[PDB]
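Shown next are two forms of a single protein chain, provided one at a time as structure tokens under the names structure 1 and structure 2.
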Structure 1
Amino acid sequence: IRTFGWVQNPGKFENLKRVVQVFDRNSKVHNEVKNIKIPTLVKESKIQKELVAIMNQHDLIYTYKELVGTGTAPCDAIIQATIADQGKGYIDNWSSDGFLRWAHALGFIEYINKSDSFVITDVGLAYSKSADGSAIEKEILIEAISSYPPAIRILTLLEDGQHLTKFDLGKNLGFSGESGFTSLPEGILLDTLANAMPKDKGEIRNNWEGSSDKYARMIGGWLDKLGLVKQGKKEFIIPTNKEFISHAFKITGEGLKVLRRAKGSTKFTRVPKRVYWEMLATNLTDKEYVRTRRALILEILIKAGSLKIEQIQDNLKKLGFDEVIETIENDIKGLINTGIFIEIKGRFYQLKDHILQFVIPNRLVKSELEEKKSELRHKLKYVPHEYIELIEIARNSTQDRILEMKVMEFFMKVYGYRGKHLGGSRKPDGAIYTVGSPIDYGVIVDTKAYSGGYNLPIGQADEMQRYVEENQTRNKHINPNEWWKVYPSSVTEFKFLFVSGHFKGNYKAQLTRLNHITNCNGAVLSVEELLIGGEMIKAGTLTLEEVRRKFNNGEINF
């Protein structure tokens, strides 16, 4: 199982070409690589004789392995050897993969499922022989990218002349909210930037980003170099101050022409867009099942006219995929969010685009986590479905940050709390409070993504005791950042909360101890109860004064 259609890390277009010119038997690089680079940088004789040989065939076809190899490292493959490092004389198996994913995404090479192999295409050879810097090579490049949905999607989001950051773009890019397509609330990120030390501002301004923010910056950078978009820093007035984001873009004249024609408002047909099963889901545990489900919905829309979600669900069921209307609706917003045009008029959907033939490989049991996503999408009628994605995100350690921001955002936007997300090693992940309640109270929050079920290690319970007491003592020498100022002075009653995928073990004993030392009440909250409690605030069957009483030094269950 592979994953394509999305690249996260930077590379030179001059290196992309070389990667392509290797599948073309009559190019210089092909010979240069197989006749010089490989026998030189590839020591282990056996693989060395196997690779040049493979590059020696008449009709060239390379398997994933032959191109990417393995890493830890020595030269293990073709791509590795045709591209030198940014200093070895070759690149690793990670950067090799980005380049493979990149060549494939723009359509210069095609993937043959089941054979786990690639070959050059029609436009790839033309790209290969194209003169460097010529007007024709540029032409080939712009046509290639126009068959790439995400690029078309980035262009659609800037069509009105808007000036947006990678975050404002990322939130409406791909299958938004789920793992692999996450975006950091801009407003929340600028806050961390405004109160940061000038020595860390740069890293936060450019390396603090969600998956979709990554893709938006990359795709946006591709379009910039081709003249379809213009990258320029966006500025903001953030009072603790002034801040700016350099990864911002704005459409151009040549970009609107490309979009106009891609929409179908021109005298020429649009460029047929390439879509593959491997692009309909990335870092999702159940990506094999989900990829198929979204693939089959695309198909139905394709061979059909105007349809009602119930008919789509109906057509889907015939294929053996028992889905609920809102899962199908979320799957469609993602298709739209990746570059495909599907008009929605009232209760009817109708695809209006030109997509080519893609193969659904091996044509699968729904996992317990997806069934839970399905249950909550068809149950929580007020909760923006995107939040239900936190149930899976909360089980991945690598996702603390987005978990951080997204949980605080839900508190303020859905529950109705005031306050904000803090984060860092000296501040709690968030500090929220109420206004106008019978008893206005404050809350100290800490979140944590963990796989399996948090038992609340004494280490994290240790870090929370520090926040609760610092809000009691409030000494500027102990903590010069006086974070507690976030709270209104009138507030005197505080609570502490730990939020995670789900809890198990003797977490209660930790709560009993912290309550005894600080005298404050606290609790633990599973992400699913966070959502359940937020849909109640909205349904009207739960109040912020009822939450107050939930802190009983145990687990909260609404």
Structure 2
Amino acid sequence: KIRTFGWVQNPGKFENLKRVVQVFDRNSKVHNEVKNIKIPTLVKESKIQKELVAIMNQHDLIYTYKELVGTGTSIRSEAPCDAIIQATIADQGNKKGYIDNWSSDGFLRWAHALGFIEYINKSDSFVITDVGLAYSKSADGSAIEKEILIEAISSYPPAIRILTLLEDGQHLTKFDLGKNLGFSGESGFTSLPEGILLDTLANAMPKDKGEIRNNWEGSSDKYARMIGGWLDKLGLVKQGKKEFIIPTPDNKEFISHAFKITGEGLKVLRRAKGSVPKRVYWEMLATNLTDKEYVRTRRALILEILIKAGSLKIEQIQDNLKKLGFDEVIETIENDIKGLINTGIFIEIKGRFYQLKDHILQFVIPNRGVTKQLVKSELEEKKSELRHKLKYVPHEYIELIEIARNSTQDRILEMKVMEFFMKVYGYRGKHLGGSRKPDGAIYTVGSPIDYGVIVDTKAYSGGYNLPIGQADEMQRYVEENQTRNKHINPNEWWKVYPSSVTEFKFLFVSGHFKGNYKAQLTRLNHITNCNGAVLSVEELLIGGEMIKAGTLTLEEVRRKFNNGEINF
């Protein structure tokens, strides 16, 4: 029913895209091979084994999502081969002779994205297209194959986005591109802060700077490097590392996944800029957002409004929505047009008037007519509220409301929050993750009362009463900052603070807090004689506004650590 198409994570070999397209063309050598060999010899389950060989024998080839993708196991190494695509493609080292459900879903998304495979909602099945057919038949290495692929690419909005981002001839990194790809600052579109990354890459021992290169990247950064990799093979972009001088002086770090645009690339843009209709599917308008439905369609309707009309006032736009079923607000409506613009659709702006200067092919909005019945969640409502109140603070930072609620995002929250304290509140300092460092070190340098703070961030799903084990971790650090013995924690993280600081507070940042945040807090305070506090993301934000507006200093806050919860 609800699926996510349009965004492709894993897949990188065109070599394998073909095999997957071909499995859909009865007359191709691979259709033959996968069906006659691959499937019967790799799908151990007899029942399924036979069933698939069969589906592949029909006259009019049509396979369902499950028939092509299958399933997978919790312990990825113990998984069997349950589907057509799995069976078609091989492991990285031939560990098993097949790929998993995830990578398989990946090849499906990629092929559908480039328009070789069509999706039939009703049946939840897919079938080859005219260009797919033509793609298969094309010879490998063909100038035809190339032109077929290049024309495919030009119809893929997010790939036009990468190209656009590099018109000026800059050398952008997967982080710079990531920032502006897709619905940025949302559940499935989070990006790693290049600042923090380079910094650690710099002051960190070699025994770890490799792991932290291959590992450090958000979901949007993955898409960026990947779409950038396709364009590279197609010759429209040039992938090359970018060195950075980060004096820890005249030091040099590097981010390999960086790109520059080419001439052929520029020609592509010129053409596909109106000087090739783009395909857009509703499933593309949001990936991992818990509120996929509401938002994907609200945005779909907005695109409809803009396709139909031409140069409307954001008020006219708001107006139309109110009629189609969605009573929204300027802040949200603009934010969505920010995403649509980001995924690669060309929408022009003149003050308070917007006009789509692009040709996108008509698409379907599932369960239409019942649109007016779609409810807006409490979280999405909160977001608007925030988007409304936050005048000085970039709306990107509203992503924190989400990350902080995601248990899988401990890593990045540590990064995003220190970033907010620094770039907005203005504190000086550093992010310090680890098992021997508190999540962050913060310090003032201007106030009449110059102080420091020890920070710990915690991504916890719906609620958080400061656990005793975690609470004491802080005590340890609070303590180490006093007894600065290098024979105790020889990494000497305390050394991040200016020698001159003496006033240190301790702080915990999370989604929401409950019933414990005071008990172990008061404890910590009494023990080390350092008073600290507990703080939530919403307040962190509506504190960043205040510090910017003029409504809040960096002293009233130092006077906020009341061994309880901070509230501005």
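Throughout, rigid core stands for the largest set of C-alpha atoms superposing within 1.5 Å between the two forms. For numbering, take structure 1's sequence and count from 1.
Annotation: structure 2 represents the form deposited with the DNA bound, while structure 1 represents the other form. Once you line up the core between structures 1 and 2, the CA of 197 is the only one from 356, 197, 131, 439 that shifts by 2 Å or more. After superposition on the rigid core, the Cα atom of residue 493 is displaced by less than 2 Å between structures 1 and 2. Once the two forms are overlaid on the core, residue 301 shows a Cα shift of 0.7 Å between structures 1 and 2. With the core fitted, the CA of residue 34 sits 1.7 Å away from its counterpart between structures 1 and 2. Lined up on the core, residue 480 has its CA atom moved by 2.2 Å between structures 1 and 2.
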